[PDB]
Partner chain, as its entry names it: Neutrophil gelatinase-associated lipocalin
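Only one chain comes next, encoded as structure tokens, the form solved without its partner chain.
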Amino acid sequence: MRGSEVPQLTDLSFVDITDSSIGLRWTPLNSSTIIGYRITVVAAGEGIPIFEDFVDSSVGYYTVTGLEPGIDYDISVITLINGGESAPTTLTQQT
């Protein structure tokens, strides 16, 4: 990219990091027209994908499920606004 361009969820971070889901927090972007935020998961270590889930447009709190413990997961949470995607801020975390 170049520096940053589209504003990204600069407070995107993870909580309730149990073996049975992973709970997210970020700030809700009432921009005007945002499509949503798209979470994706992979098993961090490979590009083995799991699923991409979507939320409304107005969420500040979500919880991903469909994990299995033992491996690390790169939980990506891409914001997609008016004709533009923010910088990907994933976090690597184990289960």
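Residue numbers count along the first chain shown, from 1.
Only in words, not in the display: the form deposited with its partner chain bound, which the text now covers.
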Quiz item: Would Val59 count as touching its partner chain in the deposited complex under a 4.5 Å heavy atom rule?
Solution: no
Exercise. Decide whether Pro28 counts as a contact residue for its partner chain in the deposited complex under a heavy atom distance cut-off of 4.5 Å.
Key: no
Quiz item: Looking in the deposited complex, any heavy atom of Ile17 within 4.5 Å of its partner chain?
Solution: no
Exercise. Indicate whether its partner chain has at least one heavy atom within 4.5 Å of a heavy atom of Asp72 in the deposited complex.
Key: yes
